[PDB]
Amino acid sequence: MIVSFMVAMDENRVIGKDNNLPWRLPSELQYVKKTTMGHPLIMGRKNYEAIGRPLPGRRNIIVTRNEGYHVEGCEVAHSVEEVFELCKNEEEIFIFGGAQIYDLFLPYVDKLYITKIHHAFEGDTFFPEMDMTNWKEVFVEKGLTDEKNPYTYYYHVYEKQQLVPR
């Protein structure tokens, strides 16, 4: 099972402001949709509630400690172990954020899909620092910048850097 982080952040790792995206880049979300089609999206409650609804064509799994939390059209999981159990047969899952949710899955992550937005926004929550020497870029592509997508941004995808034995 490939555990993948899916993330959009600015030049200071900002991923949110008052629980929302400080930017509006529909093309970026179109990339998320394409990349995650037919795979579970794993996200924290705050993240889910900020989006407002289930994202169709996807197994939406909301992670909260709250045992009574249910929402129609979504699965709820209360721990990492419960997510791995729910996704036991899945080829790849996408950790969709909440800083705390990324942290929960850090010890297991195999692949990073990172959109880097070339701008500094006002933010209050951040993608945790990561030692990228353990990672190797395998794909990059400049995002579509235009009237609807004002900022300049780049899709990056990273896999584990293999070590050469001494």
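A residue's number is simply how far along the shown sequence it sits, counting from 1. In this text, the rigid core denotes the largest set of C-alpha atoms whose superposition between the two forms falls within 1.5 Å.
Larger root-mean-square CA separation from the shown form, computed after a rigid core fit of the structures in 5 other deposited structures of this protein, is seen for 123-131 when 123-131 is set against 55-63. Larger root-mean-square CA separation from the shown form, computed after a rigid core fit of the structures in 5 other deposited structures of this protein, is seen for 28-36 when 42-50 is set against 28-36. When the two stretches 63-71 and 113-121 are set side by side, the higher mean Cα temperature factor goes to 63-71. Higher mean CA temperature factor between 19-27 and 5-13: 19-27, per the PDB entry. Per the deposited record, the Cα B-factor of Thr133 falls in the highest third when ranked against the other modelled residues of its chain.
When the modelled residues of the chain are ordered by their C-alpha B factor, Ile95 lands in the lowest third.
In the PDB entry, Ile101 places in the lowest third of its chain by CA B-factor. Annotation for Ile51: C-alpha temperature factor in the highest third relative to the rest of the modelled chain, per the entry. In the PDB entry, a CA B factor belonging to the middle third of its chain's modelled residues is recorded for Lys33.
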